[PDB]
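Okay, so here's just one chain, in structure tokens, the form deposited in one PDB entry.
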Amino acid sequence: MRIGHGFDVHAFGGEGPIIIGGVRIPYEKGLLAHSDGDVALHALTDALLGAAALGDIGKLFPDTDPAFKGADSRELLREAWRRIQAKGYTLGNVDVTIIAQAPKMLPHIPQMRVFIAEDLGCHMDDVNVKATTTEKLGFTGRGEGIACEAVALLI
């Protein structure tokens, strides 16, 4: 069994909605990013690649490579996972922690878990997502951006 850790942040910018964990969440402002800026799935991906010792998302899919411009983060997630499985690993479980003052992630989590468990090919039971605010403190508390952390256990 191997453990992995990921972390990511994206700044708000433009018009909503935002895409977090695959779910299109309505919000006043949107997220600035090369990809779809899915903070939750980037953080999750790095955690998996991390536990597989494959580096990180920016190693496999370059921030600068133009093909990833607007790229569906679930696409990157599924590839990183394909590569991880090929290296001989199987999913233990993952846990995601979305750090955002707003929007309200709560109602979108079940669906977030459906997408992720799909992409990973596991039961939703091996996938957990939660959220927290930083009580108006920080760039997150000020609504400047969203951050997200994640851990994964591979077998």
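All residue numbers are counted from 1 along the displayed sequence. Rigid core (definition): largest C-alpha set, two forms, superposition within 1.5 Å. Shifts are known only where both forms have a C-alpha.
Just so you know, the form deposited in another entry exists too; it's not on screen, but the next bit is about it.
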Exercise for review: With the core superposed, find the residue in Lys104, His123, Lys87, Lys69 that moves its CA 2 Å or more between this form and the one not shown.
Suggested key: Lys69
Practice item. Taking the shown form as the reference, report whether the CA atoms of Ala67 and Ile84 lie closer or farther apart in that other deposited form; the distance changes by 3 angstroms or more. Key: closer
Study note, to complete from the structure: What changes in that other deposited form is the Cα distance between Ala67 and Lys87, by 3 Å or more; the two atoms are closer
Exercise for review: For a shift of 2 angstroms or more at every C-alpha, which runs of three or more consecutive residues qualify between this form and the one not shown, with the core superposed?
Suggested key: 62-71
